[PDB]
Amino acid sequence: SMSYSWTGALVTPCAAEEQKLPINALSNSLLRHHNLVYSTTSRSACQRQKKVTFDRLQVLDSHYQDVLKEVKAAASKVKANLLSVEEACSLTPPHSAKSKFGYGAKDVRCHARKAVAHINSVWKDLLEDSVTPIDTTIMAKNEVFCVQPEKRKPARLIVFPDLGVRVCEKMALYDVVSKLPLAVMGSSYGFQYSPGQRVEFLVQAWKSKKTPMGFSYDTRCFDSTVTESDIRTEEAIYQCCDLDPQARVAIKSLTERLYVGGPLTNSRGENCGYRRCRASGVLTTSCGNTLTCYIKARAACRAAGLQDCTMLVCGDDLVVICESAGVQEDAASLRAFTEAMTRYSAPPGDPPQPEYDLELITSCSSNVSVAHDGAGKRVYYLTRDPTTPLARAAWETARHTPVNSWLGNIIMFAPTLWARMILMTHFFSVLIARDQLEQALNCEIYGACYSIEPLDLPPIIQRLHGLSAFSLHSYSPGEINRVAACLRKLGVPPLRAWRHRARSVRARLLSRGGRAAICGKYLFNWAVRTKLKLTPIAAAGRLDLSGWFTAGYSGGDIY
């Protein structure tokens, strides 16, 4: 079956969409080459629709069936609870698409009477009807990128049910999604890790092999490759859990009326077509993709005969580290792995490449790199090309955005040369200029939403990355060059200009005392020759990373 069928109605916007990077003096101080920066809009939705629409080939073999049996046996050990309306209401991210039934995300989060009454009626309908297709809205996602030399990218398409339904999905399945992937894949479940644990996992996996070979596997439009039978098997896996009788019913209804497919409506209420694949904006998107990718990859590793595989899976992101059998055999065994994945309806985007250096693997848009701490000890950390984070940071300084990628990037990429010298310096000077140091901000990290005050960044970074995050130096030539080439391309000031700017930022923060002085001391110790002694921050031990800062969860894409 075709992943999509279209009517000719266009994917339409809700409000005006700006494609060009807006400019103000502060955003320009970060990046001057504004013409290279763009936002994706509904104008390119037609281009994305052609890429994501294809027929699926699915031939399951004994290797696939063997892994599915292990997953179902592992799933039987899970006990998951039905969430109450209130609980599901509190997990709703701020700014998620309002309901067409007269209430929005704010009403849901406040447990407003009107929102709760509607959600309750949606839930009763899921218990009484297991068949009628649920309507979905299709929107073109607005995301910021820098133009590429070889290739603007078309907008990604987001398919989501109404807000009331989204809350019901958490009531029936939030507890399943929070427990099932870890129970099923153990150490291979990538979402349990911080950046420091992911790097430790990859380095340890690499060192455990006699002659390691690794690869990232890029599935072409993963969501579209997900078949009706893949979605029905995810439901069969969910049912292996010890569940409440009402959750079992709602899970079946959600699968048959929404997850497997259904009608697509644009923002103007016109019929856009029909979906027979993964919806990008459902609670089970991330969990379902993680499970389905793990099943197909584990079976494909066996079908290819790859020796001693260690896998790390994050949604559709897959990385495999195995025991090399020589370059000719590895290239042939990777083609056999690809052929098996293709047969399982997971064909490649870019064909995988065997890598013999851990640093040359890109996975979760990142790579392993090395630096040294204050004692000169070797430290492995995760980094990436800063182009996209910098372009988005410039947009976010010119325009107030509900969700700030800059904050999530400073958090996830805190040990990096670029996040420290550029992102930290820039945002703390902008927060000083605007008097917003104490204002809590929203950010999203792979669907997990957080509400964080910039003044809490130092204890957050210490708890997440460790004290070494404030003392890394002696970055690699490749890393330095990648950042430096990025600055020249984007019109971003050189690192030495950022160092001088940071010394002024640092002084202003120190003079404010309290939490601001801690920001100046810890985050900007790299900017001074005469180093301050960085002792554990007391607030780092008091906090709880996972629970104190949570603003909810979106199982799939934005809105």
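Position 1 is the first residue in the sequence shown; the rest follow in order.
| field | Count class of deposited residues lacking coordinates, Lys79 to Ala80 | value | Nothing is missing between them.
| said: I need to verify one thing: averaged over C-alpha atoms only, is the B-factor higher for 125 to 133 or for 255 to 263? | reply: Taking the mean B-factor of the alpha carbons in each, 125 to 133 is higher.
| query | Comparing 413 to 421 with 152 to 160, which has the greater mean CA B-factor as deposited? | reply | So the stretch with the higher mean C-alpha B-factor is 152 to 160.
| field | Residue, from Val492, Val52, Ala517, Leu26, that the PDB entry assigns the highest Cα B-factor | value | The record points to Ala517.
| field | Per the PDB entry, maximal CA B factor within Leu523, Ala507, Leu68, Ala497 | value | By C-alpha B-factor in the record, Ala507 ranks first.
| query | Which third of the chain holds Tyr559 when residues are ordered by C-alpha B factor: lowest, middle or highest? | reply | Ranked within chain, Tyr559 CA B lands in the highest tercile.
| Going by what the PDB entry lists, where does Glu453 fall on CA B-factor within its chain: lowest, middle or highest third? | Tercile = middle for this residue's CA B-factor.
| request: Would you check the entry's CA temperature factor for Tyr217 and let me know if it's in the chain's lowest, middle or highest third? | output: Lowest third, going by the recorded CA B-factors of the chain.
| field | Chain-wide C-alpha B factor ranking for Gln307, given as lowest, middle or highest third | value | Lowest third, going by the recorded CA B-factors of the chain.
| message | Where does the C-alpha B-factor of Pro348 rank in its chain, lowest, middle or highest third? | response | Within its chain, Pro348 is a highest-third residue by C-alpha B-factor, going by the deposited values.
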